[PDB]
Every structure is written in C-alpha cells, then in structure tokens.
Amino acid sequence: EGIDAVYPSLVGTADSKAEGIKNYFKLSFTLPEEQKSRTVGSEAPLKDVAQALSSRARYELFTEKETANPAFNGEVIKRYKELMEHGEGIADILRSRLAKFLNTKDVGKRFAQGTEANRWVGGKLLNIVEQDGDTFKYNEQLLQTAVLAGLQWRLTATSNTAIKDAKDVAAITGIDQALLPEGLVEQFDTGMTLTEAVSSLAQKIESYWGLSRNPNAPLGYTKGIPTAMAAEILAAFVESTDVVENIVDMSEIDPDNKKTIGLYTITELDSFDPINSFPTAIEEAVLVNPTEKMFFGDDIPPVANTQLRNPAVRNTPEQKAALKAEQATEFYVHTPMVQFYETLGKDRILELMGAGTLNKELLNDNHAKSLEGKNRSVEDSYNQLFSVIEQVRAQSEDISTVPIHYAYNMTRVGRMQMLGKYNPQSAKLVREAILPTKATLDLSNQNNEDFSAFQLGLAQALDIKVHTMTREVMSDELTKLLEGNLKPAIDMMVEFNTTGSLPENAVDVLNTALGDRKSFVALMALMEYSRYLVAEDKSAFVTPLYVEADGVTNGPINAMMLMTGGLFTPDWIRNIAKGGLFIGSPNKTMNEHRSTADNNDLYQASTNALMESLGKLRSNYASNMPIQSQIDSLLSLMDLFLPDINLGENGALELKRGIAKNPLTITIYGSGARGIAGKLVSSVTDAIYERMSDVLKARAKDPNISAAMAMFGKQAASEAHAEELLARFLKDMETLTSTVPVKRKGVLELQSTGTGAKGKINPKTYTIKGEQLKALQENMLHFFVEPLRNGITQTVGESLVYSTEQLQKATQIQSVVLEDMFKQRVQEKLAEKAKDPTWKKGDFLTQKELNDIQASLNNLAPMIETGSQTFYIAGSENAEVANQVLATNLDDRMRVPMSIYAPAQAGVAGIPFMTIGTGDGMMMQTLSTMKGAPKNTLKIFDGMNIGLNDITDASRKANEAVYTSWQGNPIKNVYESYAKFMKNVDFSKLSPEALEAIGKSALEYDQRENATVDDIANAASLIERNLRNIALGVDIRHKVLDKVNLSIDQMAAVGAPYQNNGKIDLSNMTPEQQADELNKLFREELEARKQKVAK
C-alpha cells in the first residue's frame, strides 16, 4: 500500500502470480524511507518547478534555504523562462508518439483485451500508462519529471563524459588497434555512442523519480523501464534539432566489417549565453542532495565510497584519508592571467597556441584531420574556463578572494583524479589561471635567497634543464634570455600592465621571442617578471609562481626497484644512479651528479645500446645482399622524415636520445613488440602527410615548380640535391611495400607480397593503408624493434624482464578461470527459471541472484590486497554475458544491449596495474597523509607544484615519500592471491575453450598441441613457486639496502635530498667494490632465515 497508494490509476494489478495484466513498475520500485526528490506527490512537476524559478524569494521558499546563489540574477531568471517553455513542447511530442504506437497494428486494442503487450522489448513503456476512455495515456507526474531530467542533461552532459583512447575505440569498432584509420579516434570522442547517451540519461531519470529498486525484481524491468524512457526522450530531442545524429559505416573502410555505429552530439549554446553562469538551477531545486554543483568557501565535497566505475571495490580507510586532504585545498583566480586571455581573444589564442585558421584547399586530407583535433582541445578549454569565471565573479566584488574546492576520486590503478573534463589538473590553459599556491618574497636585493627562488621558477618555465646544472650556472643562462630574445616581449608586457592594451602584432612579437619555448606556462613567466619590474615595493612582492618537482624517468626507475630480484650487480648500481639513488655519497643532489659524474639519463643509455644491437644485426646478414638492401631502405626512409635519425656522407648512422622516449615508457606498461612497431610507423606517416601540404602550398605560389623542388625545396641546397632526395623516397616506399621479411626456423627470408606501390601520387588525398600499411609494420618489427628491445633489456636488467613474464602469466591464467565460472553459473540459473511459469525469456536474472554468483567466486581470490590499496584486474562491464536486447523506442530503433558487471580476461593489463598502483600511486597517497605533509600544492601524477616560500622543505618530504613506496613488494601481494586460487581451483570442470587459453600461457608451443588436463594443472603450479622465489629475493634486497647510507633525489628540481640514516659506510668505493659488499649482506640474511626455520 506504500507505492500502491501513490499511483492507484496505473494499468494492471501488483501481483506477480496474477492472471491478467501485471504492473511491473509497482513490482520493481518502492518508496524510500526519507524523501530524495521534491517532485514526488505533485500533480504538475513541469509547472511547480517553473513557478519556483520565477523569482529569488520563491526559489528560496521551495528549496527551504536562507539565501539562494548570488549568480541567480534577473538575466538568468529570464533565460530559464524560455527553457521551461521549450520543455513543454518536448512533452507534446512524446504524447503524440504514444498515440501513434497504440494505433498501428491494433496494439491498444489487443492490450485492452488481456494481451501482455507490456512485456515486449519495445512495449516496456506501457507499465506507466493509465486507462482513459477506450484508450491509454501517460502518467503526468512520471512523464513531466522525466522531461525535467532531460533539460538538465542537455545542459551539462558534454562536460562530464569520459575520454575515449585508442584502446576503447578499437573494442567498439572491432578493428585492430595498430590499424586504426586516421581521425577515427578524434571523431569518436567528439560525440557519444548510443549506449553512452542512453545510459547517462537514464541515470538522471531514476534519480529524479526518487524511488528505490527492489532487490528481488528481475533486471529486465528495474533497468529496462528507465532505459525505455531515456530512448524516447533522446528521440524527441533529435526531432527538435537539439541533438544531431550521425551514422558511420565500418564497411567503407573495412568491407569485411558489417558493423554500424551511430554518434550523437549535443548542439552547444552561445558563449555569451547568461545561462552559462548558473546551469544547475533545475538540479538543485529537485534533489534534496544535489550532485552537480560548484563548491565555494566552506562547502566541502563529500568523500566517495567506491572506486571509479568499479562498484565492487571500496576505498580503503587509508585511501579515504588522502581524498579528504586533497579536497580541503583552496584554489584562487589569478586576475592578471585572466585579463590577458580575454584581451588577446579566442581567435589569437588559437592562432598562437594552436593551428590557427585552416585553408582546406592547400592541405592534405589526413593532415587536416589532425589539425582540427588540436584546435578543438584549445577552444573547448578556453570556453570552459570563462564559464567558471562568470559564476565566481557573482559571489563577491573581489574575484581573487573566493576559495574554490574540487572533488576527487580513486582511479582503478590507485590514482587521485579530479572530477570533470577540463580542470587545473588536466587542462594546461586552466592550470595557469587557477592556482592553489601563493608566496611573499623580498626581491629588493639580487643576492637574497628569496630572489634565487624567483629565478628558479622563471628558468623552469622557459624550458631550461634546471635539474642538470648548479644555481649559479642557471642564473647566468636566464640573464642572457631576459636581455636578449625575450626583451621585446617583456617590453610589450610592461606596457600592458600599466595601460591594458596590446598591439595588433602581439602574436608575431611573442612567436619570435619564444620560438621553441612557446607554452602556456611560459606566458605567466613573462607576465610575472614584467609585474616585478614596475612594482613600487619589491620587498613584499606577492606572486603565484611555482616550481614543479618532476621525477626523472619515474616509470622505469620504479620498476627496477620494486620488481628486481637476485644478487646485486655493478650495472644495476650505475643505472639506478641516474634515477636519483646514490650509494655512499652523503648529501649528494642530482645537480651535482649531472654536472660532474654522469650527464646521460636512462633514455640516452638505451639509445647507445640500440646502436650496438643494430650493428650486430647487420653483421649477421653481411653475406645476404637482399637483406642488406632492405635494412638500408628502412633507415633511409626514417632519415628523411625523422629528426632523430641522421646518415652521414660516409654512411654512418647517428641516433639521438629522443628515439627511445616513447618505446621505453610503454615497454614498462606491458605493451608488446607489435604495439611499439605500430606507433613508430605512425610517426613516419604523420611527417609524410605534412610534407604533402607543403607541395600544395608551393604549387599555388608557382605553378611551374618541379616536383622535386616542391617536396624537398628547403631540405636541399641545390636542385640536383633535391632530385637525389626524390629518387630515394620513391625507391624506398616501393621496396618497403613490395617484400616483407618472414622469420622461420630462426632466420629471416624475404617474401614478395605482390601489392607494391605504383603510380603517380596525389598530394591532396595521398594515403597509406590496407596491405601497404601492414608491409611497412612488418619491416619495422623485424629490423628496428627487435634491436630496440634488446637495448632496453640490457639497461633495465635481465632479472626485471623475468619478473614481468611470470606476473603476466599468473594474472592471465587467474582471469581465464574466473570468466569461465561466471558464465557457467548464470547459464545454470537461467535453466532453472525455465521451469517457472511466472518467468518469460528476456527478464534475465535478479540483482539478488547476481550477487550470489559473485559471492561464490570469493574462494578464488579475485582481488589483490596490499594493506592500503585494492586492485581488481579482471573487473569490467560487458554485454557478452546477457547477449540480449534491453529496450528500444516506439519506432523499433535505438536498440540497447543489456550490459552487466562481469569478469573478463586480463591479457597484458597486469603489468600496468602493479607498476603504477604500487609506484607513483602509493607515493602520492603517502605524501597527502604523512606527518608534516606539504600544504597548498597541486598533485599531478609524478609531479607537484610548490610555492616559492616552501620549495626546500616540500622537496625533501617528496623524496621521503618516494623512499617509503620503495619498501613495498608487489610480487608478494600477487603471490598470496595466486596461492589461494591454486588451492581451490578445479581444472576438470573447465570448458574446452578455456583449457586452450590456459595452455597458451603455461606451456610451450610444442607441448600444448595435445596437452591433457593433468599437464595444464602441473604447469600452472610451477608458476606458483616461481613467484615465491622472486618475492623472497625482493624482500631481502630491501632489508640490506636499509642498513647503508643513501641519498634520494628522485624529485630533482630543487636539490633537497633525503637521507635514510644508515649506519654502514660505503664511501670511497667503486661500483664493483660496492656490489661485493652488498652481496655479503645478502648471503648473511639468507642464512639467518634458514637457521631460524631450522630452530
């Protein structure tokens, strides 16, 4: 009688075992104990809410608050009057589409005779209708409340959707990640798919309805009825031209693919629309506890209870404390930076920091696609920032004294991420306008310690390697720039502060002065320095300039410290010193190491090893003439378009440290050899497309120019030199696309493909794809990637790559078993429902039944616990388990598949989870909750912005947090979960498909052709004892390193190292001598543990 008294006019009885028509709306939802929405019980929600928005006094009375938001002024009130009238016309469209549905094929006539038309996949909206004469009609309270949710969704959906990477697009389309076309990713994130639009809209509808789900009701109605309403509202928005629908066909690019995907984009409002200063008036008027809002002053966001998009995992108490500290920081608006942005204008901002205007008649088709994506990011960030400024400006007359708070949540890899799309932590344009840092300095004397901090901040913003030089040397470098190239730019900024105007050629002045140092952070350095020059009182200068403590190769260094076992080697000691770990050198900073000891970082070290491997490969095939020519063509092509590859006049090959940046970072991230090859080739094709645009530009200026000079005009001193380069380009492309190398029996053989490149090119629409693209990747994989991966292994160590292999095998095997049991357990439950008369196919399972299936998997240890963090590698949301349609609209379109939260195969995702989660993720968690933690800082991943008044103390604390995170044992945590899984697993109950996947990870190629169940089980237990041996070695190494004196300078910006107060002196020793001393303590620790066990 609870919900049966609020909606007594609904069609059908509320009994699950009735005879006629049953109402599944009242059987699936229940009234809450305390109210959550103010529209429950009303008769005209679209009229009561519109009345409350007509005045400030009425808004306060309806909301029951002392005062309303100051931004809710008269201009905003007028704009909401038109929006409410627009929402009344949306309801008229919905009411007219229902009458057509009941008229075609006599649906209404049959439904009134007893036919269960409300249980259809498209008739699920018949559970919220009422009888009216001989026909049916909507329920006014339920219909008008859903319209209000659509209006709020239309205003803020874009600024809340997630960002799709290349991996996500590949899964949706089905095309291989390494063969994704040009601009496909940039097209996908512009709009949203059907599933994303409907699911997000349906979430708001349920919230506004203010009801609670029934745990014993089928998932086909608790999730289908809200979804069926969302699809109808989205269809109405398309008819009203509020949402534009675009259809992309995969058969155009891949004829073998028959998938069709629709994309929906919301039409955006004007940048001067007064509604942009307060777009959450409807949300705060309906919900008792609004979710979308901006926090001012003492308004502190609440702490989330579960991980991001991982509802099965809850934040640990240690993780919740870190979130609370990060949400207490106050942000402030820098007025001089804001006025500079609006004076320059959006057009000049795009011209300076973007691609500017585009003339598509002189651009390549593929080149123009990338330029538009660059412009979109800058333009969207500019619009988002100035909408916030409008809201802040209404709170007080002084915009610089309004504190701002931001919400945080935990990423599945243990990373604190700001909520929203464009915020200081994500957008660089917004980062320079809203700052949490402040300082007061005495700059009346140039020899003060305060002036040295001021110079350090300016130098780092102007692209100067401050962590590789001493303070005195850095000061000399900055002085030359200030009085040299940057002088014209400073003069313009000085006039701007006093007057407030800019010249018509301001873009050209900044472009010439900055050059290769152009960035958003470099603009603030010019303004801050110019403001200091005109300050009347330099002894109390207040500035928001900061210094960023950036880690030196944070990724690779963490891996070699956390997942390395065995005895110490001199090579490890030398290579780990480049990361900031010094043994036997008290109070040694990174600036001293680079200046005197070693000036090569990890990126340069791997480049040198790559040259060594490349020379050995050529010498192996010295007698093979066809193989030698193929290697020459690959290097020749990369020399023409990549600045990191250079060939001398004598044929000597020279490489730069910039060729191993990306490969080294993604190698630690578990990416395979094919992934590196695909990215390397993509860099070459981008340069080729850009060179085609120069051909079109040169032809327009001079139609009589030659083809060679139109291409390599600026890369050749004479015309004859230009003709030489053109011949090289044509020959290399034909050679690299005609034959490919095939690795058989351990040797490489050239095999023809028959799909070589022929004909005359067209600069406007030149494209490389199909079999031509695959031929290029085959040559790159076997001739350049293989030598590259050998050099990387030599630097990081052979033991580190051994730990990654066992970790990948252990996680993949566990995920395969979990996925098979989940699918095998929901099919047995469905077979039981077939004997239930009150059950129909399409209702799926129940939330109570789904929770029992997941609880039965607890004896296999699906989650990894480290004591302060939790990880769930196999968790995902997929529609494979349900394999059925959830709901459609009244036109039998917009079919939405049903997706549930079920485990899935891991693959190579195990390595990134533990390298990042226990690496920089744990370091930043400690830094926010440690004793005497730094205050007023912005914590970007592997970085931290610090004010000029606390650079020394905060840098020392950052190095202390790094040392704490190096005492962990990620392998031991994985071993403990894997040992429990092996105790309870039963391989004899696995499907034949599952047994084939496990054999691909535990056995060799020859051993898995006819392997039995016993062979697979025996091979899986071997991995268990491999993890135990690795984990024991890591534990001993950390114990030994804690007994000696160490200096930690991983955050090398300032030069404030941290000492571990060890009591063993290893100074005045070579790395060869230190390894022997460390190995002596390693053998003593092993003996004690074995002796203790014996006792």
# chains A, B, ... in the order shown; residues from 1 in each chain; ligands from 1
>>> residues_around(residues="stretch 171-183 of chain A", least_positions_apart="6", cutoff="10 Å", atoms="only C-alpha atoms", output="ChimeraX atom specification")
/A:193,249-250,253-254,257,259-261,365-370,372-373,674-679,681-682,686,767-770,773-774,777
>>> select_by_dssp(residues="stretch 802-912 of chain A", states="strand (DSSP E)", output="list in words")
residues 864, 865, 870, 871, 875, 876, 877, 878, 885, 886, 887, 896, 897, 900, 901, 902 and 903 of chain A
>>> write_last_selection(atoms="N, CA, C and O atoms", output="mmCIF file, in the first residue's frame")
data_model
loop_
_atom_site.group_PDB
_atom_site.id
_atom_site.type_symbol
_atom_site.label_atom_id
_atom_site.label_comp_id
_atom_site.auth_asym_id
_atom_site.auth_seq_id
_atom_site.Cartn_x
_atom_site.Cartn_y
_atom_site.Cartn_z
ATOM 1 N N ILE A 864 43.401 -8.301 -5.174
ATOM 2 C CA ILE A 864 44.737 -8.253 -4.591
ATOM 3 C C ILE A 864 44.763 -7.146 -3.547
ATOM 4 O O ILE A 864 44.376 -6.007 -3.832
ATOM 5 N N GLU A 865 45.217 -7.481 -2.341
ATOM 6 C CA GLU A 865 45.285 -6.541 -1.232
ATOM 7 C C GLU A 865 46.738 -6.329 -0.835
ATOM 8 O O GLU A 865 47.478 -7.298 -0.634
ATOM 9 N N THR A 870 43.658 -1.664 -3.010
ATOM 10 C CA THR A 870 42.952 -2.822 -3.535
ATOM 11 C C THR A 870 42.883 -2.726 -5.051
ATOM 12 O O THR A 870 42.646 -1.648 -5.604
ATOM 13 N N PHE A 871 43.093 -3.857 -5.721
ATOM 14 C CA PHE A 871 43.072 -3.924 -7.174
ATOM 15 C C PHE A 871 42.186 -5.077 -7.623
ATOM 16 O O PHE A 871 42.130 -6.122 -6.969
ATOM 17 N N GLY A 875 37.975 -7.051 -13.470
ATOM 18 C CA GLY A 875 36.680 -6.394 -13.459
ATOM 19 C C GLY A 875 36.452 -5.573 -14.718
ATOM 20 O O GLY A 875 37.345 -4.879 -15.206
ATOM 21 N N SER A 876 35.231 -5.653 -15.240
ATOM 22 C CA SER A 876 34.837 -4.925 -16.441
ATOM 23 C C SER A 876 33.320 -4.987 -16.556
ATOM 24 O O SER A 876 32.648 -5.689 -15.797
ATOM 25 N N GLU A 877 32.788 -4.237 -17.520
ATOM 26 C CA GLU A 877 31.360 -4.225 -17.826
ATOM 27 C C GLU A 877 31.188 -4.596 -19.293
ATOM 28 O O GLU A 877 31.569 -3.825 -20.180
ATOM 29 N N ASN A 878 30.613 -5.769 -19.547
ATOM 30 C CA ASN A 878 30.462 -6.276 -20.902
ATOM 31 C C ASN A 878 29.048 -6.802 -21.097
ATOM 32 O O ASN A 878 28.372 -7.201 -20.146
ATOM 33 N N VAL A 885 18.801 -7.982 -26.008
ATOM 34 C CA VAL A 885 18.445 -6.571 -26.104
ATOM 35 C C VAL A 885 17.687 -6.160 -24.852
ATOM 36 O O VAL A 885 16.839 -6.905 -24.346
ATOM 37 N N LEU A 886 17.993 -4.965 -24.345
ATOM 38 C CA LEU A 886 17.345 -4.452 -23.141
ATOM 39 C C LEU A 886 16.035 -3.739 -23.470
ATOM 40 O O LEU A 886 14.966 -4.147 -23.006
ATOM 41 N N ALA A 887 16.103 -2.676 -24.267
ATOM 42 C CA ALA A 887 14.910 -1.920 -24.622
ATOM 43 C C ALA A 887 15.176 -1.125 -25.892
ATOM 44 O O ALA A 887 16.323 -0.821 -26.229
ATOM 45 N N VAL A 896 19.182 -1.111 -27.495
ATOM 46 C CA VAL A 896 20.221 -1.003 -26.477
ATOM 47 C C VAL A 896 20.501 -2.400 -25.933
ATOM 48 O O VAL A 896 19.606 -3.016 -25.341
ATOM 49 N N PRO A 897 21.705 -2.936 -26.111
ATOM 50 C CA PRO A 897 22.039 -4.213 -25.473
ATOM 51 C C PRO A 897 22.155 -4.061 -23.966
ATOM 52 O O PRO A 897 22.459 -2.985 -23.446
ATOM 53 N N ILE A 900 26.102 -5.986 -18.047
ATOM 54 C CA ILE A 900 26.214 -6.227 -16.617
ATOM 55 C C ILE A 900 27.688 -6.175 -16.228
ATOM 56 O O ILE A 900 28.579 -6.130 -17.076
ATOM 57 N N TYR A 901 27.933 -6.180 -14.921
ATOM 58 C CA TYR A 901 29.285 -6.124 -14.376
ATOM 59 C C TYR A 901 29.781 -7.552 -14.175
ATOM 60 O O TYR A 901 29.359 -8.236 -13.237
ATOM 61 N N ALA A 902 30.674 -8.000 -15.052
ATOM 62 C CA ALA A 902 31.158 -9.371 -15.049
ATOM 63 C C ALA A 902 32.662 -9.386 -15.281
ATOM 64 O O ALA A 902 33.204 -8.466 -15.906
ATOM 65 N N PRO A 903 33.356 -10.411 -14.794
ATOM 66 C CA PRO A 903 34.799 -10.506 -15.037
ATOM 67 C C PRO A 903 35.107 -10.769 -16.503
ATOM 68 O O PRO A 903 34.295 -11.308 -17.257
#
>>> residues_around(residues="residue A:540", least_positions_apart="5", cutoff="7 Å", atoms="only C-alpha atoms", output="PyMOL selection string")
chain A and resi 440-442
>>> residues_around(residues="residue A:599", least_positions_apart="4", cutoff="12 Å", atoms="only C-alpha atoms", output="tab-separated table (two decimals) with N, CA and C atoms, in the first residue's frame")
chain	number	residue	atom	x	y	z
A	465	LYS	N	66.79	23.19	-18.35
A	465	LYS	CA	67.02	22.00	-17.54
A	465	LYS	C	67.67	22.42	-16.22
A	467	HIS	N	67.47	20.98	-13.37
A	467	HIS	CA	67.90	19.86	-12.54
A	467	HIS	C	69.22	19.25	-12.99
A	468	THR	N	69.84	19.80	-14.04
A	468	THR	CA	71.12	19.30	-14.53
A	468	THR	C	72.24	20.33	-14.40
A	469	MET	N	72.03	21.40	-13.63
A	469	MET	CA	73.02	22.45	-13.51
A	469	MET	C	72.92	23.08	-12.13
A	577	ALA	N	71.68	4.95	-10.42
A	577	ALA	CA	72.15	6.27	-10.01
A	577	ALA	C	71.52	7.37	-10.86
A	578	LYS	N	71.18	7.06	-12.12
A	578	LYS	CA	70.53	8.04	-12.98
A	578	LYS	C	69.11	8.35	-12.52
A	590	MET	N	71.05	15.80	-7.33
A	590	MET	CA	71.08	15.44	-8.74
A	590	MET	C	71.84	16.46	-9.57
A	591	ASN	N	71.83	17.73	-9.16
A	591	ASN	CA	72.57	18.75	-9.90
A	591	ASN	C	74.07	18.49	-9.87
A	592	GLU	N	74.57	17.93	-8.77
A	592	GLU	CA	75.98	17.56	-8.70
A	592	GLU	C	76.30	16.32	-9.52
A	593	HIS	N	75.35	15.38	-9.61
A	593	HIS	CA	75.59	14.16	-10.37
A	593	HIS	C	75.68	14.44	-11.86
A	594	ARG	N	74.74	15.23	-12.39
A	594	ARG	CA	74.75	15.53	-13.82
A	594	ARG	C	75.91	16.43	-14.21
A	595	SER	N	76.31	17.35	-13.32
A	595	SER	CA	77.34	18.31	-13.67
A	595	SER	C	78.73	17.68	-13.68
A	603	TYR	N	67.13	7.45	-20.94
A	603	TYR	CA	66.77	7.50	-22.35
A	603	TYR	C	68.01	7.46	-23.24
A	604	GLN	N	69.06	8.18	-22.86
A	604	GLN	CA	70.29	8.18	-23.65
A	604	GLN	C	71.02	6.85	-23.55
A	605	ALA	N	70.96	6.20	-22.38
A	605	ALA	CA	71.66	4.93	-22.20
A	605	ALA	C	71.10	3.85	-23.12
>>> residues_around(residues="residue A:224", least_positions_apart="5", cutoff="9 Å", atoms="only C-alpha atoms", output="ChimeraX atom specification")
/A:121,124,219,229,886-887,898
>>> residues_around(residues="residue A:216", least_positions_apart="2", cutoff="8 Å", atoms="only C-alpha atoms", output="PDB file with C-alpha atoms, in the first residue's frame")
ATOM      1  CA  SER A  28      10.131  -3.287  -9.078  1.00  0.00           C
ATOM      2  CA  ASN A 214      13.564  -3.931  -5.409  1.00  0.00           C
ATOM      3  CA  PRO A 218      14.124  -9.008 -12.461  1.00  0.00           C
ATOM      4  CA  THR A 846      17.913 -10.712 -10.406  1.00  0.00           C
ATOM      5  CA  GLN A 847      20.276  -8.398  -8.546  1.00  0.00           C
ATOM      6  CA  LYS A 848      19.976 -10.691  -5.522  1.00  0.00           C
TER       7      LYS A 848
END
>>> residues_around(residues="residue A:422", least_positions_apart="6", cutoff="12 Å", atoms="only C-alpha atoms", output="list in words")
residues 158, 159, 160, 161, 162, 163, 377, 378, 379, 380, 381, 382, 383, 384, 385, 386, 387, 388, 406, 428, 429, 430, 431 and 434 of chain A
>>> write_last_selection(atoms="N, CA and C atoms", output="short mmCIF file (atom, residue, chain, number, x, y, z; two decimals), in the first residue's frame")
data_model
loop_
_atom_site.label_atom_id
_atom_site.label_comp_id
_atom_site.auth_asym_id
_atom_site.auth_seq_id
_atom_site.Cartn_x
_atom_site.Cartn_y
_atom_site.Cartn_z
N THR A 158 27.92 17.14 -21.82
CA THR A 158 29.21 17.17 -22.51
C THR A 158 30.37 17.33 -21.54
N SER A 159 30.21 18.19 -20.53
CA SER A 159 31.29 18.48 -19.59
C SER A 159 31.48 17.40 -18.54
N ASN A 160 30.87 16.23 -18.70
CA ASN A 160 31.00 15.15 -17.73
C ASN A 160 31.33 13.80 -18.35
N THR A 161 31.22 13.64 -19.66
CA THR A 161 31.51 12.36 -20.29
C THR A 161 33.01 12.05 -20.23
N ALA A 162 33.32 10.76 -20.21
CA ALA A 162 34.71 10.32 -20.13
C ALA A 162 35.41 10.51 -21.47
N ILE A 163 36.72 10.30 -21.46
CA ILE A 163 37.56 10.45 -22.65
C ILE A 163 37.92 9.06 -23.16
N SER A 377 40.75 20.98 -28.75
CA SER A 377 41.13 20.92 -27.35
C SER A 377 41.36 22.31 -26.77
N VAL A 378 42.02 23.19 -27.52
CA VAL A 378 42.29 24.54 -27.03
C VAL A 378 41.00 25.35 -26.95
N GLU A 379 40.15 25.24 -27.98
CA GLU A 379 38.91 26.02 -28.00
C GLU A 379 37.96 25.59 -26.89
N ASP A 380 37.83 24.28 -26.66
CA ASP A 380 36.94 23.80 -25.61
C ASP A 380 37.44 24.20 -24.23
N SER A 381 38.76 24.15 -24.02
CA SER A 381 39.32 24.56 -22.74
C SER A 381 39.10 26.05 -22.49
N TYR A 382 39.22 26.87 -23.53
CA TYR A 382 39.00 28.31 -23.39
C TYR A 382 37.56 28.61 -22.98
N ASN A 383 36.60 27.91 -23.59
CA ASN A 383 35.20 28.15 -23.28
C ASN A 383 34.86 27.71 -21.86
N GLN A 384 35.41 26.58 -21.42
CA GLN A 384 35.10 26.07 -20.08
C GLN A 384 35.62 27.01 -18.99
N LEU A 385 36.81 27.57 -19.18
CA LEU A 385 37.40 28.42 -18.15
C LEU A 385 36.57 29.67 -17.92
N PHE A 386 36.11 30.32 -18.99
CA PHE A 386 35.40 31.58 -18.85
C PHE A 386 33.96 31.42 -18.38
N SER A 387 33.41 30.20 -18.45
CA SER A 387 32.11 29.96 -17.83
C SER A 387 32.22 29.88 -16.32
N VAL A 388 33.34 29.35 -15.81
CA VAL A 388 33.56 29.32 -14.37
C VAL A 388 33.81 30.73 -13.83
N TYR A 406 37.61 21.33 -5.09
CA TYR A 406 37.42 20.38 -6.17
C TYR A 406 37.22 18.98 -5.61
N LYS A 428 46.04 22.53 -19.44
CA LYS A 428 47.14 23.44 -19.18
C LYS A 428 46.70 24.90 -19.25
N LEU A 429 45.69 25.20 -20.08
CA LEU A 429 45.17 26.56 -20.14
C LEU A 429 44.54 26.96 -18.81
N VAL A 430 43.76 26.07 -18.21
CA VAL A 430 43.13 26.36 -16.92
C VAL A 430 44.15 26.31 -15.79
N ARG A 431 45.24 25.57 -15.96
CA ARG A 431 46.24 25.45 -14.91
C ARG A 431 46.90 26.79 -14.60
N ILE A 434 43.98 29.31 -12.46
CA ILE A 434 43.51 28.98 -11.12
C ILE A 434 44.63 28.24 -10.41
#
>>> select_by_dssp(residues="stretch 283-344 of chain A", states="helix (DSSP H, G or I)", output="NGL selection string")
:A and (283-286 or 317-326 or 335-344)
>>> closest_residue(among="A:1024, A:598, A:516, A:347", to="residue A:580", atoms="only C-alpha atoms")
A:598
>>> closest_residue(among="A:1079, A:965, A:460, A:883", to="residue A:519", atoms="only C-alpha atoms")
A:460
>>> closest_residue(among="A:187, A:765, A:227, A:55", to="residue A:202", atoms="only C-alpha atoms")
A:227
>>> atom_distance(atom1="atom CA of residue A:238", atom2="atom CA of residue A:264")
9.1 Å
>>> closest_residue(among="A:3, A:112, A:1022, A:11", to="residue A:139", atoms="only C-alpha atoms")
A:11
